[PDB]
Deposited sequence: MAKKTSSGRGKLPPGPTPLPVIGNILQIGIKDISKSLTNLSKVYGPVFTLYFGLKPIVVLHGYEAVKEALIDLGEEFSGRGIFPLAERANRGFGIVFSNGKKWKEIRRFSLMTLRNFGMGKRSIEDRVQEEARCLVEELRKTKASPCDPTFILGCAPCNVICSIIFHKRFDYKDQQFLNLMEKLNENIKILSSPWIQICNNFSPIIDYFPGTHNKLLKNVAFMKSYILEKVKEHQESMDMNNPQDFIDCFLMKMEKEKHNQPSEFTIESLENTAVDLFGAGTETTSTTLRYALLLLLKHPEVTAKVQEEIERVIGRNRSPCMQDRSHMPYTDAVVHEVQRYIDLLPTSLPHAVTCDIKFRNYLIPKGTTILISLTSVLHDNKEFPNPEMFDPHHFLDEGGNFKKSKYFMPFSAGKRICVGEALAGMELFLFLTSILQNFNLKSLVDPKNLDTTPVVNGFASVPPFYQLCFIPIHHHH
């Protein structure tokens, strides 16, 4: 019945995602672009190289759109990230369109992101050009964009309610992306801190949902909760609906989480690379002058006029390889793939590293170089190998939102400040710190000096 691809014999100090990714690439030279690993008896089919990822995720997108299963009695399978089947499908679709300004009133997403870019620059001023770990401030901006989308609220960076939300978020994140040693490093007294925090986040959202239910109005939705509340309205006498209070709560939490950390970390990584490559930062600052000036705030229509800057933002995401193995997929049914027969349910692991760091598409793929996204005349050159957000039907739902944040926030920063390293660029170490899921940048500090020539 099942014929899985070949692989090494089963079962196989502190091991991070980048070490895992490197092992995966070494195994592909032995067995080729598609291979199986077993862990005891649980098999995992690995897809390595662009032709394998495309054929599977894109040309057989439906079959490969499942999500890999611990299970958590936390019971978090009711949103988007952890859901499967019919439920995932409708919730994902609904979320996509709401995130593209459908059903959410007349204020745009861009507007939200631009408002936050202004506050982000205000807070950056308050560090007074003195040495700063940007971790916290860069966390708060994406978190507020999402708060605003889901609840219609943004917060001061000192507000204790906003602080608590982020703390609980960071905690669950740290727990879940712990390194391996075989098995996941974690177990101490941690499974319970997870579940508690989860319960606290879901209650905080449910409290907001109760308020929204009071003033609810088919003609005036203004955020995700209203839009979701009003879809439940139209889905009565269509029992049993996928749209419930339970799944609204789970979906909003998925979006908080997924939306705050990935962008935070990418921004922090982008500042590190800009400190290390000052000639790149200068051409970015030149381009911003020439197209935007220091007068008005950046907008998305500027990007088309700013090829160099566009290549830099692209090259940060390609270089850093934020999620080397994406998140685990699974096949939705039994499927013929090349010469293999993969049973319904089998875990699929996708090597995004093998794509982003392809040595023919991106010669010297280990180096940071904006010309990876420029043609020989200096125009913007897009690439089918740009898959930081994955590909196919499970492509990141906040793809468009994340592109906006990275561009608007990075250009606002660079429009108003120069960046100064305390360590000499020459020596500044930029190797990622070990993490079980993601490429995380090392600690660094810098000063934001308000702008002068």
May I ask you to mark the stretches of the deposited sequence that the structure leaves without C-alpha coordinates?
1-8, 21-25, 83-84, 197-203, 476-477
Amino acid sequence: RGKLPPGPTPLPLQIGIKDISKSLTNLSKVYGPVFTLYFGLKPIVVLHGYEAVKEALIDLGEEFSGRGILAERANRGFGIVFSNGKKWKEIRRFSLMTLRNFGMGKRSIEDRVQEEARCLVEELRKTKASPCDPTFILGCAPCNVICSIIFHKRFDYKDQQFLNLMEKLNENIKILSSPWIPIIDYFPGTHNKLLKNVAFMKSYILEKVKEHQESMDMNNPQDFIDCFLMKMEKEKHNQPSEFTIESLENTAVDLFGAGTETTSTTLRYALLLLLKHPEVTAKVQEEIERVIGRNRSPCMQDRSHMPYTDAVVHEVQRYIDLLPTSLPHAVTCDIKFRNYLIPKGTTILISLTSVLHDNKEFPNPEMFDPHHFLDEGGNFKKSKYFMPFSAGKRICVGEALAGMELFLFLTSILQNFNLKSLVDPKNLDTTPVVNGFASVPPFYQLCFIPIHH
From here on, numbers count along this sequence of modelled residues.
Tell me which stretch, 367-375 or 133-141, has the higher mean Cα B-factor listed in the entry.
133-141
Averaging CA B factors per stretch from the PDB record, which one is higher: 183-191 or 272-280?
183-191
Which has the highest CA B-factor per the PDB entry: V30, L57, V397, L410?
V30
If I read the C-alpha B-factors straight from the PDB entry, which of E286, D321, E214, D302 is highest?
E214
Among the modelled residues of this chain, does the Cα B factor of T260 put it in the lowest, middle or highest third?
middle
Tell me, lowest, middle or highest third: where does the Cα B factor of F362 rank within its chain?
lowest
Hey, what third does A438 fall into on Cα B-factor, ranked over its chain?
lowest
Entry-reported Cα temperature factor of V34, expressed as the chain third it lands in
middle
So, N339's CA B-factor, relative to its chain, sits in which third? The highest
